[PDB]
């Protein structure tokens, strides 16, 4: 049931910043790094954020990440039309012995 909790849907108009939250526990997010993924419809997920705040090569500045205590969030500034996709947070979980994913966030662009 999606060990990491993040909102199911989000919406935005162009130029806006949308903020996608992701809350975990001491054993997954409070202890380890958080990674973010973007999945356009019909495509494979794209690596978006690593080590809570780092852009991979070729990911625009308007994407930013942050982590606070046991929760994390992704800030999509300057929202563009193609950003309409599902966004997943993920992190290593020590209570288990594997990677855990968020529930996804269907982000609609108007």
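Residue numbers count along the first chain shown, from 1.
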Mean C-alpha temperature factor, higher of 66 to 74 and 39 to 47: 39 to 47
Residue 1: C-alpha B-factor third of its chain, per the entry, is the highest
Is residue 13 in the lowest, middle or highest third of its chain when residues are ranked by C-alpha B-factor? highest
Among all modelled residues of this chain, ranked by Cα B factor, put residue 31 in the bottom, middle or top third, i.e. lowest, middle or highest. highest
Relative C-alpha B-factor of residue 23, binned into the chain's lowest, middle or highest third: lowest
